[PDB]
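Residues 1 to 147 in the entry's author numbering are what the sequence shown lists, from first letter to last. Ideal Cβ placement from N, Cα and C applies to all residues, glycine included. Before any comments, here is the structure.
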Amino acid sequence: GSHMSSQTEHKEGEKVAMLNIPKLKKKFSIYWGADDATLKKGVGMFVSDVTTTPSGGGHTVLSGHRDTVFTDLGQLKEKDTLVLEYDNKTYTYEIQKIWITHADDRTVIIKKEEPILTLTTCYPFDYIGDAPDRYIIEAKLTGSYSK
């Protein structure tokens, strides 16, 4: 009963926002939800009754994996910033603190009464599936743009 398909409303596996890095001048496509079951997508946004998208003050969680090392040095730093594009609006975030937590850390996947961007990734080649310790990049919204 999956013959019918939908494409227009916020749906998991669909591009809803784009992640752009100014310091590293790197860009990544962020799709609604983050299905780890399939390796089709690369980066997905956590979706839960507590997790929400960055459209104006909310808990934003990013999910990704680590492949190789290139600009990781500039990625992990409070001087780095994460720009998110949503609804033709650009949100400017800034790395506040970087640490590592377990994949079962709901404290980092809870709800936030403020616009905070948290990135959780890892899935190393050494470990198959959801690595035990995932890297966490915490960032807060400093500026926002709207066109």
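Span of the alpha helix (DSSP H) holding residue i?
i, result
"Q96", "Per DSSP, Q96 belongs to no alpha helix (DSSP H); it is in the beta strand (DSSP E), 89–102."
"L73", "72–75"
Among residues of its own chain, excluding the 5 on either side of residue i, which ones have a beta-carbon nearer than 7 Å to its beta-carbon?
i, result
"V47", "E12, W32, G33"
"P22", "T81, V83"
"residue 150", "Outside the shown range of the chain, which is 1 to 147, sits residue 150, and nothing can be said about it."
"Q75", "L24"
Spatial neighbours of residue i within its chain, please: C-beta separation below 8 Å, excluding the five flanking residues on both sides.
i, result
"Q96", "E78, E138, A139, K140"
"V43", "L19, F28, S29, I30, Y31, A34, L62, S63, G64"
"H102", "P132, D133, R134"
"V16", "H10, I30, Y31, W32, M45, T53, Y86"
For residue i, report the span of its beta strand (DSSP E) as first-last.
i, result
"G143", "133–146"
"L84", "81–86"
Determine the burial state of residue i: buried for a count of at least 16 other Cβ atoms within 10 Å of its Cβ, exposed for fewer.
i, result
"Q7", "exposed"
"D67", "exposed"
"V69", "exposed"
"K41", "buried"
"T120", "buried"
"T118", "buried"
"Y145", "exposed"
On the DSSP bridge list, what partners appear for residue i?
i, result
"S6", "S6 pairs with nothing; no bridge assigned."
"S63", "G44, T120"
"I30", "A17"
Measuring CA to CA, which of the options is closest to residue i?
i, options, result
"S55", "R106, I116, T71", "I116"
"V50", "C122, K15, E113", "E113"
"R106", "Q75, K26, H59", "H59"
"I128", "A37, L24, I100", "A37"
"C122", "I100, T71, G74", "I100"
"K26", "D104, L119, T71, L76", "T71"
"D104", "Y91, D130, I98, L73", "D130"
"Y91", "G143, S5, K147", "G143"
"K89", "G1, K147, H3, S2", "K147"
"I109", "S2, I136, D126, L39", "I136"
Tell me which same chain residues have a C-beta within less than 6 Å of the C-beta of residue i, skipping the five on either side of it?
i, result
"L73", "none"
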